[PDB]
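Student:
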Amino acid sequence: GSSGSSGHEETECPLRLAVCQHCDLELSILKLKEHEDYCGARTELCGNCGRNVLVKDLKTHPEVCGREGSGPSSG
Ligand SMILES: [Zn+2]
Ligand SMILES: [Zn+2]
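Mind the numbering: the sequence shown is residues 1 to 75 in the entry's author numbering, read in order.
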């Protein structure tokens, strides 16, 4: 596998990163604010109906989930 040699010394620098509240992913605090703008716009697959719904909408999606929608779009 790998010989037990001295080994390389891995070091880390002090970098303050910000985490999202919707996706909860690691991103640059600088590109965080913006990242959110799109983050929400993104649509995920629901389990009840099975349609693409906005991340931020998923909050109150359950309400319209089941009643709203053309019908059986996909399996
Ligand atoms: Zn995010
Ligand atoms: Zn749904």
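We put the beta carbon where it would ideally sit given N, CA and C, even for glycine.
How big is the Cα-Cα spacing for residue 39 and residue 54?
Tutor: Between residue 39 and residue 54, the C-alpha separation is close to 9 Å.
Student: Taking C-alpha atoms, which residue in 62, 13, 14 lies nearest to residue 50?
Tutor: If we check each option's Cα against that of residue 50, 62 comes out closest.
Student: Thinking just about the alpha-carbon of each residue, which of 19, 4, 58, 30 is nearest to the one in residue 41?
Tutor: It is 58.
Student: First and last residue of the beta strand (DSSP E) that includes residue 44?
Tutor: Counting along the chain, the beta strand (DSSP E) containing residue 44 begins and ends at 43-45.
Student: Measuring CB to CB, does residue 27 end up less than 8 Å from residue 20?
Tutor: In this structure, residue 20 lies closer than 8 Å to residue 27 by Cβ.
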